[PDB]
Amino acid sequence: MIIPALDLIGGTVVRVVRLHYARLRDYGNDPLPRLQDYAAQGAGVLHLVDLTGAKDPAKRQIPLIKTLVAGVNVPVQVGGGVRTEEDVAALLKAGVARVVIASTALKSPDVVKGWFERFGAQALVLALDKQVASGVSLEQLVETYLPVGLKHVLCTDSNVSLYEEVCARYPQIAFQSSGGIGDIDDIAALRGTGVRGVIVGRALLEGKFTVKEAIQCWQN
């Protein structure tokens, strides 16, 4: 499916370029109408990235998140700075449907495996860049969290070939693709790779296309 996304810093909708990251451009301070229109066009899942809470969890934009969550009627994914069990609970209590676990927390697998046992697997999403650079490869990650029902994995950046393999290898894992979306053809490329969800951010803010077009292309 198509999962529209927004990166937020201090309530400001911004744009970044992720590496092993810096802000590029501001787009405004009214995220809700953008999210509300996204859902109106038929989007079924919305994605949010708390970049503020990412660099410091004490400055987690909880109030904005509960505002945006209650503002739409579709499940909402939030990531960035989720490094402890209380952070997952705090977000769930804010209305968040799925929480994206930071790669930092993966250094303590026994701690993270405890979160899966409590909150369940449908509420957690593990993020990967495919591995984490103490290197955690995709297979090593799967073996670690398959006994606790791993289901959702977020892969971030001509990689259509790789997505064909990983999705065929792990049919029990719903893979989410992030990055590499700047044109309507990029969505058509992942259409038959087995990816269950495509994250689209800057292409919408730039006006390359709309969510309605993205969905029609994806569902074609």
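Start at 1 with the first residue shown and count on from there.
The gap between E85 and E86 holds no unmodelled residues of the deposited sequence. Missing deposited residues between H20 and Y21: 1 to 3, all without coordinates in the entry. For the pair 189-197 and 47-55, the mean Cα B-factor is higher in 47-55. The stretch 9-17 shows the higher mean C-alpha B-factor when 9-17 is compared against 207-215 in the entry.
Comparing the listed residues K130, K113, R98, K93, the entry records the largest Cα B-factor for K130.
Looking at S178, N29, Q41, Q172, the one whose CA carries the top B-factor in the deposited record is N29. Residue-level temperature factors show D157 in the highest third of its chain, judged at the C-alpha atom. Per-chain ranking of the deposited C-alpha B factor places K66 in the middle third. When the modelled residues of the chain are ordered by C-alpha B-factor, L150 sits in the lowest third. The entry lists a Cα temperature factor for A123 that places it in the middle third of the chain's modelled residues.
Remark: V72 belongs to the lowest third of its chain, ranked by C-alpha B-factor as recorded.
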